[PDB]
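Written below as structure tokens is the structure these notes are about.
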Amino acid sequence: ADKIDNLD
Amino acid sequence: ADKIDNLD
Amino acid sequence: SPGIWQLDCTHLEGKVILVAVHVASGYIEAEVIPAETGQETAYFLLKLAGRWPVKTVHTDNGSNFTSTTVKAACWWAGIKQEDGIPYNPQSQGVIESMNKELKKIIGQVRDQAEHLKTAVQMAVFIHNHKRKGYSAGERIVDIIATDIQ
Amino acid sequence: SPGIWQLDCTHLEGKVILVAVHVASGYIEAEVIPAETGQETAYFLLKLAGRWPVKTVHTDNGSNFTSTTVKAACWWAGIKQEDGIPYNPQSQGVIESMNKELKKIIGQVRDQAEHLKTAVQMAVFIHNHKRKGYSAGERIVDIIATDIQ
Ligand SMILES: [Cl-]
Ligand SMILES: [Cl-]
């Protein structure tokens, strides 16, 4: 998701 | 429950 | 003084952030929980006392002071549980200013994290490493090491 | 060496206890998670680095060393992510003996707690406050304060 905790 | 984390 | 902490509870995004502040340094630990219950508060204090030498905790409100679950955790971990009455009115303002600082930081990171808990731990890291010069994380270690020696 | 930590993952009750050990003191932090994923390990490292000045983490296995989520948290938090190869074979035995000690402690408290996570935090508290004499919690503060000075 483009987040540090959800790179997806 | 007579436990620290559940006194019940 | 090396062993005195203050609990603080603030709200964001419909969730509760529970914070412990080491009064003499301003270092903090914090967590996100769905709501502020005696069981959640007791577990947080058990965590904190396993990690730092917690002598006294000033509770954030009268429900956590009354809670027998909280008192049970403070007995287990050897912590003196006290009220949080601001006999020094400076306390009120310090806490309010800290909550505004944390929410500011959380907003500056918020879009790097999908979950609030990640943003809150980013904010703990920034707060504790900020040089104001020493940081809060340096001050707490120095204070406690001085006490130990 | 004030900044070096080792990850360690051990299992009990069908759950995973993830541990970080500060190698020079033997102080630990730990949590219970349902399984050991790069997201859970990354969040744990973000928590740890906000609370102590974590310079290097030796990962517990190859999957956490490879995980881009763990590398992302180590970048965020300024940690050098390293492997956990026991070039000093003494490391292998220290970790094994630590896991056996924590499980021993957890057995000794286990019936005071309904949930495993409480028992593990009781065991973290007992491990860090045990004098062997100074305790690991005293050693870590001494070591880091000496470094800051
Ligand atoms: Cl609440
Ligand atoms: Cl697993």
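Mean residue ellipticity at 222 nm from the helices of the protein assembly as shown, using -39,500 (n - 2.57) per DSSP H segment of n ≥ 4 over the full residue count, to the nearest 500 deg cm²/dmol?
Counting only the DSSP helices, I get -15000 deg cm²/dmol.
What is the sum of charges around C:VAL19, taking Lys and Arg as +1, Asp and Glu as -1, for the other residues whose C-beta is under 9 Å from the C-beta of C:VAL19?
Within the 9 Å Cβ shell, the charges total -4.
Quick check: net charge around D:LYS117, other residues with Cβ under 14 Å of its Cβ, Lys/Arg +1 and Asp/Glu -1?
-4
Is there a quick way to get the dipole size of the protein assembly as shown? I mean about its Cα centre, with the Cβ of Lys and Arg at +1 and of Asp and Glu at -1; what is the value in debye to the nearest 20?
So the dipole magnitude of the protein assembly as shown works out to roughly 620 debye.
Normalised radius of gyration for chain D, please: alpha carbon Rg relative to 2.2 N^0.38 Å, two decimal places.
Normalised Rg, Cα atoms only: 1.01.
Report the closest approach of any chain D C-beta to the axis of the D-to-C rotation: residue and distance, in whole angstrom.
D:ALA145, 2
Which value, in debye to the nearest 20, describes the size of the charge dipole of chain C about its Cα centre when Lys and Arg Cβ atoms bear +1, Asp and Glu Cβ atoms bear -1, and nothing else is charged?
The calculated dipole for chain C is roughly 240 debye.
May I ask you to report, in nm to one decimal and beginning with the shortest, the distances from D:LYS130 to the same position in the other copies, taking label points 7 Å along Cα-to-Cβ?
3.9
Report the net charge of residues surrounding C:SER63, where surrounding means a beta-carbon distance below 13 angstrom and charges are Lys +1, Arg +1, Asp -1, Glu -1.
Local charge sum for C:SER63: -3.
FYI the Cβ positions are ideal-geometry reconstructions off the backbone, even for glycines, and counts take in every protein chain you see. Throughout, read-outs are computed from the coordinates displayed, never taken from laboratory work.
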